[PDB]
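Notes follow once the structure below has been shown.
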Amino acid sequence: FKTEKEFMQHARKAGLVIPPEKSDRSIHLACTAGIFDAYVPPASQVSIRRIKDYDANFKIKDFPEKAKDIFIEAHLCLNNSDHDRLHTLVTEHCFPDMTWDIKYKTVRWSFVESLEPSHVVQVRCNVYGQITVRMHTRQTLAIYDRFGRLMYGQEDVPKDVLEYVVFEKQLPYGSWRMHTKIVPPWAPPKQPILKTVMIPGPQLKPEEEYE
Amino acid sequence: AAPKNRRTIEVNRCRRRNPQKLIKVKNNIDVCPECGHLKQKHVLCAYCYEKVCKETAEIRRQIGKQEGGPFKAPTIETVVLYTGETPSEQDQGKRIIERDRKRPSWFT
Amino acid sequence: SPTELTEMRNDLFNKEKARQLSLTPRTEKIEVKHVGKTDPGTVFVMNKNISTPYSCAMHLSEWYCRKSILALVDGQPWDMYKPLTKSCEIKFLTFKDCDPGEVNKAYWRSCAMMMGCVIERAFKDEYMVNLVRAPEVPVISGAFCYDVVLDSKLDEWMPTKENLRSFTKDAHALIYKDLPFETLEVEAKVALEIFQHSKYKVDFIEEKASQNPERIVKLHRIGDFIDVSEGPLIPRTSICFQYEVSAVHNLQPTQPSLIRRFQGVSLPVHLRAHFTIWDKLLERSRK
Amino acid sequence: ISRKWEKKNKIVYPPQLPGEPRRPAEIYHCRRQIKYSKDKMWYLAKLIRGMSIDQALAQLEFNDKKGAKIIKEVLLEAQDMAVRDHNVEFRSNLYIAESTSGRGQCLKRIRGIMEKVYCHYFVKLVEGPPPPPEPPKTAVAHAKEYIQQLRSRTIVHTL
Amino acid sequence: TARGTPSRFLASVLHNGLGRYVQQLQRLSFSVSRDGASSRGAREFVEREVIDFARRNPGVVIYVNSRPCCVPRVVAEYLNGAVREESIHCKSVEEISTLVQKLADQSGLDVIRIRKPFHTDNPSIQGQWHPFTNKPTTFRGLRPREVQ
Amino acid sequence: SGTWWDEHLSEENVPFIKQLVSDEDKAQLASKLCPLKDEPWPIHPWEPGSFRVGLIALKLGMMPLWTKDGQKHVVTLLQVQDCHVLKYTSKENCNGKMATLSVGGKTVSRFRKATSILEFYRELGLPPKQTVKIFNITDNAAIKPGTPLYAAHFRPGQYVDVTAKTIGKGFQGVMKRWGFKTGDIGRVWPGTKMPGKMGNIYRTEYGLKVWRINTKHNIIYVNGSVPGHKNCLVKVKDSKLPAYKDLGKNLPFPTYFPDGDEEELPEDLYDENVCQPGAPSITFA
Amino acid sequence: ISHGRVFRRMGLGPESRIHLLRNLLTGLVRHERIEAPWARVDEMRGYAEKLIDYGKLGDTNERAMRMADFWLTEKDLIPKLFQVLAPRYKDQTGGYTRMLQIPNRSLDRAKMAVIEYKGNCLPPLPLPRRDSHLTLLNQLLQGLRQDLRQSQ
RNA sequence: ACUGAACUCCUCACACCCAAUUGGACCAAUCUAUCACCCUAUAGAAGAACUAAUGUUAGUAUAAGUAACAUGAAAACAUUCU
Ligand SMILES: [Mg+2]
Ligand SMILES: [Mg+2]
Ligand SMILES: [Mg+2]
Ligand SMILES: [Mg+2]
Ligand SMILES: [Mg+2]
Ligand SMILES: [Mg+2]
Ligand SMILES: [Mg+2]
Ligand SMILES: [Mg+2]
Ligand SMILES: [Mg+2]
Ligand SMILES: [Mg+2]
Ligand SMILES: [Zn+2]
């Protein structure tokens, strides 16, 4: 199937009555479906108070330093495929979106010195703190294959990366972890690919035509 | 009678793997120029004949709607017409089966 | 020296490919819509000055590699191994098309060039062989031709049947090698650098570089053999199935030297003829 | 039940070096519990064992047998995951290196025991042009083999 | 049987008697349990005989490992990189001494079948027989039915 | 792929190639009509003990033929259609006991032969024949390869061996094939009569009288029955039967030559005992 | 041994083969195009063209109306055979049907065939075309025809 | 005269070619006692050892992809016809 309506209509046509049963335990989520306020890039001390009243030892003047080490160390966990550290470093909205398509291929990301200082942009808020940070770095990539042949990026050459990384904290034992990464609509296209792609047209059954 | 001994897999492999039992690589196979799905020579394309089969299916359904009931074979030749086509001067005195789609590129 | 000729010509050729690929903007990726009758509306997202129409055919199937011969790139005939240049539209032209004029012409140009690759490496060393051109013969006219000027020793030479048969045996040795036809569109200065020791082909490069608004001239290479064509060529030598060098004629208004034309006829692996039909096509190719 | 052939698409090789030839891709695909017998799939599996996948598809579209359609679904599916999942750039540039068929978990129907026969179908596709077929050995090869056997021989059972 | 086993030709390691003789046994590795009834005869071999043995051939380096084993082993390694692992399980000291001297005396070559009982490398001195030894020649090299 | 000759030709070029190749077959058959105005091989007279060429003929069917004693004789007709001598091999190159002539009949399409055969007939200058049979023959009878053989190579009164492939009946069992239906021998002897494929093999009818030859349509009218279905090709040689080993005195010895133009033959030669049509109705008085 | 046996043995008798062929011929006079298995189609092709040659003998002919009364199991098609099909083919003397092969039947893998009657209103079949006259071989042979016409 | 054995000699080693029967020395695996601790030791015990019972159960072969088996026809799948 493709959705829940297709399964419930198929379960009604079949006769599968699935009773919605009452259970006292639910799912204890630690993330958010996306971003609270979509920071569209080129006064939120409200939410800084609404963070410090829970955390009470929190200096924003030290945080994009910390946001650097949450960023970079998480990306080095892709070089080894260490998922158990990534769950401390990254949120669960962010973990599949960075580790799923990279499965069964080796990546060799590396960091080199930033062009700009990283600096925090905005802060928003059972309670989910959410901090977007601007990072302007120089990174290196080489995404290989199952067969160890290069499919993205020269390994030595550093490239300049803009990164509007959104962090999130649960507000008891949690910390700041990468939640998402905003890419602005004005951004240039990424590196081109080493291979070529055929993109199929409409598969025509005999009764229809191409127009 | 009954088998005296049991045939072995050496004898059997020599029997069921010799080329009289293998499938011949056939080489009649071309590409239909009009559809690009590969056909076989001396045989019509499965795809293009499925086109023609489906359009004869709609046309025969509308034959059956304009006749109505069995034993209504007309004494008149018939002409299939598509949307936005006047019956020609040659089409006079011929029953007309109006369609709802465009004239195909291959019907003429 | 002839070995110095082929070495220095191929080395100038590889200087031009080496300069030709070095001017990439690091894998720019242009897309070409397969404007074609069948399998329509499929874009190929390809590397810019690297990937040829053969690789588009390889994205479609083995059938469109083995059967397709030219490519109408924006209505222009294109080699299968000539690298693409920009976002365009590709048809694939085969021999068995509805109106295959440009494919007959491309096959014809190819077979004349293969013939010249047989002629240059045919004679023993003390005889100067000099290839002036391949004139554009219509396919109706019976036989592809190649004008050659021979040495003054062979002013009165006329080959036997066994010598034309030895020319064909060198041609089937040239088909069996299965050689692709490399192309290079080169401006006229390096084109005059490669052919700097033949007056006839120099004048041909000069007359053809006068025809385009640049100084652009097509060069083709079979294997170790460079020549100037008028347009596109066949993808491989392996397409020619039947190939016969059928006759030699001497042109008449020859006061300075003999413009000694060679005749030949050939058919692809696709348009094979029966042996009797092929004999009658041999006879008509000797006029 | 063993399922080792599905896992074979999960081998990850350490990345290569620039002074090293490009490793061709290997796409292990299979279908399990095909309702057909394992020895009728041997002819269809045997038929396509070094062919390119376009020649294999083309040969299986015009074969009359039941398994030809099933193998054609397996090869179109493995051409898809060849390109999507395993970084094969050209759909056309594959060939069948392995195409076998094992027996599946059969059923037994009491009539008088009668087996409902099942099978699998295992295909490894390898990226690249299909390898050139083995030429029949000539009289030069036979004469050199014979003479090399004559050169090989020693005075036996002595010093 | 001989057709199931591999065979080899009789050889040496580096022409082992020609210039000088070299002891082909590099390392012995005894592993002897401290408390354990199977390595009793190994224990009394380390206590009595292994120092005398280690002095009777100093080109052999001997490692007594003395871990908790449940079967004691001796592992002979040879100069050509062969390894013979034999057990000294439930053996007397005298049987272990004849085994260790057996491993000392031999070489690393396999105890697969040896084809010939000898190995000359120059078997022929007067020239090996070819079918034109022991035939007389003719005048001017003629053959039968040769006229001139 | 394999092709055939017709595959890549347009609608315009199929009857053009039919008329072209058919007209060169008629021209090549027409150019060989003067063997003696050509340069033949030296013609020798008949010597006692020499053999001459046979023929290859179509079997047209049967018809009756009444003799002067009022008895039927069932007679096969055998048309000679485009028979020609194809290659002469002497006894030295044959390593047989006798020289051989290869003779073929019934022009067959050029678009349906192996190319070694088409090169053979191309060098020979002829359209290709269906069958090539080989005749054991003395040196005295050796016509040049490329010459027509005619019906009047045989004459009435001559006895003739005719061989051809019999009508194949397919796999038949014992009762039809052989006509019927040990313990210590533990096996079935070779040559045991069992079911199997009946017919479709060469048999030879020996000693058949030639009754009438028709020079215009080139028909031979032979006594009795000939192996083979209708329109089958038979190999028609003079008989080896030892009661008929000396009657080559009156037969034209290399072959019959209409090109020789000497005392030309009528429409139809008859044997002396044949009641001809057109003769008055026979009376036994 | 079946030399010269021209008729397929079909159905479950000679009567039943003539009723199978009569049903196929009735289907093709009604619909003017039929998919049917191949041996049944060419047997019926021989019967179909002869049936038009009885259709050209006139409606008023008594023997033609006997044959059409037998061979057309649906009686409304007897006005169609004498006023639609037989006036259509009044010019040409033979070749009223065309037969082609379908790909094989998916059920039992039978050799399948179509016959249609020529010149019908239905969508045309993808007929196997001759190769174009502008190809390489066809232009060489066209030029050879031009030379052999230049001989006169 | 030569060949020719498991006889006899020769170099080293020797307890190391019979049925039924009968004497003896060892012993696989298991459990118990106490050791041992990458698989053992001394004993004590016993459902204590399988190339064979038209053995029993299960698996999978062979005969064999064999014998056998199945759907009147066209079609608009409505319907009509045999
Ligand atoms: Mg039947
Ligand atoms: Mg002896
Ligand atoms: Mg033990
Ligand atoms: Mg015990
Ligand atoms: Mg027991
Ligand atoms: Mg027993
Ligand atoms: Mg048992
Ligand atoms: Mg069957
Ligand atoms: Mg049997
Ligand atoms: Mg049966
Ligand atoms: Zn098609």
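Ordered as shown in the structure tokens, chains take letters A, B, and onward, while each chain numbers its residues from 1 and ligands are numbered from 1 in the order shown.
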
Kindly provide, as a PDB file with N, CA and C atoms (P, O5', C5', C4', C3', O3' and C1' of nucleotides), in the first residue's frame, all nucleotide and amino acid residues lying within 12 Å of ligand 4, counting only C-alpha atoms (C1' of nucleotides) and all ligand atoms.
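The new file pocket-v4.pdb reads:
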ATOM      1  P     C H  27      43.265 -47.928  27.517  1.00  0.00           P
ATOM      2  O5'   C H  27      42.110 -47.678  26.467  1.00  0.00           O
ATOM      3  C5'   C H  27      42.349 -46.976  25.265  1.00  0.00           C
ATOM      4  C4'   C H  27      41.241 -47.221  24.280  1.00  0.00           C
ATOM      5  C3'   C H  27      39.935 -46.536  24.594  1.00  0.00           C
ATOM      6  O3'   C H  27      39.947 -45.179  24.205  1.00  0.00           O
ATOM      7  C1'   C H  27      39.519 -48.777  24.056  1.00  0.00           C
ATOM      8  P     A H  28      39.116 -44.089  25.015  1.00  0.00           P
ATOM      9  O5'   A H  28      38.060 -43.598  23.950  1.00  0.00           O
ATOM     10  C5'   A H  28      38.445 -43.316  22.620  1.00  0.00           C
ATOM     11  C4'   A H  28      37.228 -43.145  21.766  1.00  0.00           C
ATOM     12  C3'   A H  28      36.104 -42.373  22.409  1.00  0.00           C
ATOM     13  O3'   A H  28      36.269 -40.985  22.266  1.00  0.00           O
ATOM     14  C1'   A H  28      35.258 -44.349  21.487  1.00  0.00           C
ATOM     15  P     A H  29      36.294 -40.036  23.542  1.00  0.00           P
ATOM     16  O5'   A H  29      34.781 -39.702  23.789  1.00  0.00           O
ATOM     17  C5'   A H  29      33.966 -39.309  22.710  1.00  0.00           C
ATOM     18  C4'   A H  29      32.540 -39.691  22.953  1.00  0.00           C
ATOM     19  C3'   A H  29      32.031 -39.451  24.347  1.00  0.00           C
ATOM     20  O3'   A H  29      31.693 -38.114  24.611  1.00  0.00           O
ATOM     21  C1'   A H  29      31.408 -41.591  23.668  1.00  0.00           C
ATOM     22  P     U H  30      31.886 -37.519  26.076  1.00  0.00           P
ATOM     23  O5'   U H  30      30.653 -38.092  26.857  1.00  0.00           O
ATOM     24  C5'   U H  30      29.336 -37.829  26.429  1.00  0.00           C
ATOM     25  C4'   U H  30      28.378 -38.753  27.108  1.00  0.00           C
ATOM     26  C3'   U H  30      28.361 -38.670  28.607  1.00  0.00           C
ATOM     27  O3'   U H  30      27.630 -37.580  29.091  1.00  0.00           O
ATOM     28  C1'   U H  30      28.430 -40.912  27.974  1.00  0.00           C
ATOM     29  P     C H  31      28.306 -36.590  30.128  1.00  0.00           P
ATOM     30  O5'   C H  31      27.731 -37.053  31.519  1.00  0.00           O
ATOM     31  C5'   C H  31      26.353 -37.303  31.688  1.00  0.00           C
ATOM     32  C4'   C H  31      26.125 -38.324  32.759  1.00  0.00           C
ATOM     33  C3'   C H  31      26.843 -38.091  34.068  1.00  0.00           C
ATOM     34  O3'   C H  31      26.201 -37.143  34.900  1.00  0.00           O
ATOM     35  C1'   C H  31      27.086 -40.330  33.435  1.00  0.00           C
ATOM     36  P     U H  32      27.003 -36.383  36.058  1.00  0.00           P
ATOM     37  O5'   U H  32      27.507 -37.498  37.055  1.00  0.00           O
ATOM     38  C5'   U H  32      26.660 -37.980  38.078  1.00  0.00           C
ATOM     39  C4'   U H  32      27.363 -38.984  38.945  1.00  0.00           C
ATOM     40  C3'   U H  32      28.568 -38.476  39.681  1.00  0.00           C
ATOM     41  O3'   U H  32      28.266 -37.710  40.813  1.00  0.00           O
ATOM     42  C1'   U H  32      29.070 -40.544  38.739  1.00  0.00           C
ATOM     43  P     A H  33      29.288 -36.580  41.245  1.00  0.00           P
ATOM     44  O5'   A H  33      30.509 -37.373  41.855  1.00  0.00           O
ATOM     45  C5'   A H  33      30.437 -37.972  43.126  1.00  0.00           C
ATOM     46  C4'   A H  33      31.718 -38.682  43.449  1.00  0.00           C
ATOM     47  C3'   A H  33      32.963 -37.845  43.464  1.00  0.00           C
ATOM     48  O3'   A H  33      33.105 -37.129  44.646  1.00  0.00           O
ATOM     49  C1'   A H  33      33.381 -39.771  42.263  1.00  0.00           C
ATOM     50  P     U H  40      40.626 -34.814  24.546  1.00  0.00           P
ATOM     51  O5'   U H  40      41.484 -35.215  25.817  1.00  0.00           O
ATOM     52  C5'   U H  40      40.883 -35.265  27.093  1.00  0.00           C
ATOM     53  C4'   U H  40      41.879 -35.056  28.200  1.00  0.00           C
ATOM     54  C3'   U H  40      41.991 -36.208  29.176  1.00  0.00           C
ATOM     55  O3'   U H  40      42.900 -37.205  28.767  1.00  0.00           O
ATOM     56  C1'   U H  40      41.654 -34.217  30.371  1.00  0.00           C
ATOM     57  P     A H  41      42.564 -38.756  28.980  1.00  0.00           P
ATOM     58  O5'   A H  41      42.994 -39.027  30.471  1.00  0.00           O
ATOM     59  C5'   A H  41      44.310 -38.726  30.882  1.00  0.00           C
ATOM     60  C4'   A H  41      44.485 -38.818  32.365  1.00  0.00           C
ATOM     61  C3'   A H  41      43.921 -40.048  33.036  1.00  0.00           C
ATOM     62  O3'   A H  41      44.782 -41.156  32.937  1.00  0.00           O
ATOM     63  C1'   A H  41      43.306 -38.144  34.244  1.00  0.00           C
ATOM     64  P     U H  42      44.190 -42.632  32.888  1.00  0.00           P
ATOM     65  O5'   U H  42      43.868 -42.971  34.398  1.00  0.00           O
ATOM     66  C5'   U H  42      44.874 -43.326  35.323  1.00  0.00           C
ATOM     67  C4'   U H  42      44.287 -43.455  36.700  1.00  0.00           C
ATOM     68  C3'   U H  42      43.225 -44.516  36.854  1.00  0.00           C
ATOM     69  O3'   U H  42      43.766 -45.807  37.034  1.00  0.00           O
ATOM     70  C1'   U H  42      42.480 -42.510  37.829  1.00  0.00           C
ATOM     71  P     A H  43      42.960 -47.102  36.568  1.00  0.00           P
ATOM     72  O5'   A H  43      41.953 -47.352  37.754  1.00  0.00           O
ATOM     73  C5'   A H  43      40.586 -47.613  37.523  1.00  0.00           C
ATOM     74  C4'   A H  43      39.757 -47.116  38.671  1.00  0.00           C
ATOM     75  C3'   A H  43      38.313 -47.537  38.691  1.00  0.00           C
ATOM     76  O3'   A H  43      38.137 -48.801  39.281  1.00  0.00           O
ATOM     77  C1'   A H  43      38.454 -45.233  39.046  1.00  0.00           C
ATOM     78  P     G H  44      37.157 -49.892  38.653  1.00  0.00           P
ATOM     79  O5'   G H  44      35.726 -49.362  39.033  1.00  0.00           O
ATOM     80  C5'   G H  44      35.350 -49.175  40.380  1.00  0.00           C
ATOM     81  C4'   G H  44      34.136 -48.303  40.459  1.00  0.00           C
ATOM     82  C3'   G H  44      32.941 -48.802  39.699  1.00  0.00           C
ATOM     83  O3'   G H  44      32.230 -49.801  40.369  1.00  0.00           O
ATOM     84  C1'   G H  44      33.245 -46.543  39.246  1.00  0.00           C
ATOM     85  P     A H  45      31.607 -50.981  39.514  1.00  0.00           P
ATOM     86  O5'   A H  45      30.738 -50.244  38.422  1.00  0.00           O
ATOM     87  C5'   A H  45      29.334 -50.372  38.422  1.00  0.00           C
ATOM     88  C4'   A H  45      28.652 -49.190  37.791  1.00  0.00           C
ATOM     89  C3'   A H  45      27.824 -49.493  36.572  1.00  0.00           C
ATOM     90  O3'   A H  45      26.575 -50.042  36.917  1.00  0.00           O
ATOM     91  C1'   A H  45      29.076 -47.550  36.223  1.00  0.00           C
ATOM     92  P     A H  46      25.850 -51.121  35.993  1.00  0.00           P
ATOM     93  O5'   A H  46      25.462 -50.309  34.700  1.00  0.00           O
ATOM     94  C5'   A H  46      24.505 -49.263  34.761  1.00  0.00           C
ATOM     95  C4'   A H  46      24.354 -48.566  33.442  1.00  0.00           C
ATOM     96  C3'   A H  46      23.857 -49.450  32.321  1.00  0.00           C
ATOM     97  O3'   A H  46      22.928 -48.735  31.531  1.00  0.00           O
ATOM     98  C1'   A H  46      25.929 -48.481  31.722  1.00  0.00           C
ATOM     99  P     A H  48      23.345 -50.294  25.777  1.00  0.00           P
ATOM    100  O5'   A H  48      24.639 -49.417  25.955  1.00  0.00           O
ATOM    101  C5'   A H  48      24.806 -48.195  25.269  1.00  0.00           C
ATOM    102  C4'   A H  48      26.262 -47.898  25.064  1.00  0.00           C
ATOM    103  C3'   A H  48      27.033 -48.978  24.339  1.00  0.00           C
ATOM    104  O3'   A H  48      26.919 -48.890  22.934  1.00  0.00           O
ATOM    105  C1'   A H  48      28.176 -48.385  26.286  1.00  0.00           C
TER     106        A H  48
END

Each chain B residue no farther than 9 Å from chain H, nearest pair in Å, only C-alpha atoms (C1' of nucleotides), as a Markdown table:
| residue | atom | partner | partner_atom | distance |
| --- | --- | --- | --- | --- |
| B:2 | CA | H:63 | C1' | 7.6 |
| B:3 | CA | H:63 | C1' | 6.2 |
| B:5 | CA | H:62 | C1' | 8.3 |
| B:6 | CA | H:62 | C1' | 5.0 |
| B:7 | CA | H:62 | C1' | 5.9 |
| B:8 | CA | H:62 | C1' | 7.6 |
| B:57 | CA | H:76 | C1' | 6.7 |
| B:58 | CA | H:76 | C1' | 7.8 |
| B:59 | CA | H:76 | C1' | 8.5 |
| B:60 | CA | H:76 | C1' | 5.4 |
| B:61 | CA | H:76 | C1' | 4.3 |
| B:62 | CA | H:76 | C1' | 7.8 |
| B:63 | CA | H:76 | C1' | 7.8 |
| B:64 | CA | H:76 | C1' | 6.2 |
| B:65 | CA | H:76 | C1' | 8.8 |
| B:69 | CA | H:79 | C1' | 8.5 |
| B:70 | CA | H:80 | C1' | 7.2 |
| B:71 | CA | H:80 | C1' | 8.8 |

Next on the checklist: Just want the 12 Å neighbourhood of residue 165 (chain C), counted on only C-alpha atoms (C1' of nucleotides), with same-chain residues fewer than 2 positions away dropped. Output as an MDAnalysis selection string.
Outcome noted: chainID C and resid 118 122 159:163 167:172 243:247 264

Next on the checklist: Could you tell me which residues of chain B sit within 12 Å of chain F when counting only C-alpha atoms, and give me the result as a list in words?
Outcome noted: residues 25, 26, 27, 28, 29, 30, 40, 41 and 42 of chain B

Saved selection, atoms kept: N, CA, C and O atoms, as an mmCIF file, in the first residue's frame:
data_model
loop_
_atom_site.group_PDB
_atom_site.id
_atom_site.type_symbol
_atom_site.label_atom_id
_atom_site.label_comp_id
_atom_site.auth_asym_id
_atom_site.auth_seq_id
_atom_site.Cartn_x
_atom_site.Cartn_y
_atom_site.Cartn_z
ATOM 1 N N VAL B 25 19.407 -20.546 -28.526
ATOM 2 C CA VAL B 25 19.490 -19.101 -28.660
ATOM 3 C C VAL B 25 18.896 -18.742 -30.011
ATOM 4 O O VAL B 25 19.462 -19.083 -31.050
ATOM 5 N N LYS B 26 17.750 -18.087 -30.014
ATOM 6 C CA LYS B 26 17.123 -17.734 -31.271
ATOM 7 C C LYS B 26 17.523 -16.332 -31.675
ATOM 8 O O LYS B 26 17.878 -15.503 -30.839
ATOM 9 N N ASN B 27 17.481 -16.079 -32.978
ATOM 10 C CA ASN B 27 17.977 -14.836 -33.539
ATOM 11 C C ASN B 27 17.040 -14.281 -34.591
ATOM 12 O O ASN B 27 17.486 -13.683 -35.562
ATOM 13 N N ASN B 28 15.744 -14.472 -34.409
ATOM 14 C CA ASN B 28 14.760 -13.784 -35.215
ATOM 15 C C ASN B 28 14.513 -12.380 -34.717
ATOM 16 O O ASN B 28 13.759 -11.649 -35.338
ATOM 17 N N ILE B 29 15.080 -12.003 -33.603
ATOM 18 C CA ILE B 29 14.528 -10.962 -32.759
ATOM 19 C C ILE B 29 15.040 -9.603 -33.204
ATOM 20 O O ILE B 29 16.250 -9.368 -33.246
ATOM 21 N N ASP B 30 14.112 -8.705 -33.529
ATOM 22 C CA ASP B 30 14.414 -7.355 -33.971
ATOM 23 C C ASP B 30 13.822 -6.331 -33.042
ATOM 24 O O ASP B 30 13.236 -6.680 -32.026
ATOM 25 N N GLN B 40 9.687 -9.965 -32.911
ATOM 26 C CA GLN B 40 10.294 -11.063 -33.615
ATOM 27 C C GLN B 40 9.954 -10.869 -35.079
ATOM 28 O O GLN B 40 8.903 -10.324 -35.395
ATOM 29 N N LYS B 41 10.850 -11.260 -35.980
ATOM 30 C CA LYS B 41 10.523 -11.274 -37.401
ATOM 31 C C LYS B 41 9.391 -12.248 -37.639
ATOM 32 O O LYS B 41 9.093 -13.082 -36.788
ATOM 33 N N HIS B 42 8.724 -12.122 -38.780
ATOM 34 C CA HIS B 42 7.634 -12.981 -39.253
ATOM 35 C C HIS B 42 6.416 -13.000 -38.333
ATOM 36 O O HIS B 42 5.491 -13.771 -38.570
#

Checklist entry - When you draw a straight line from CA of residue 116 (chain D) to CA of residue 39 (chain D), how long is it in Å? => result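 These atoms are spaced 13.8 Å apart.
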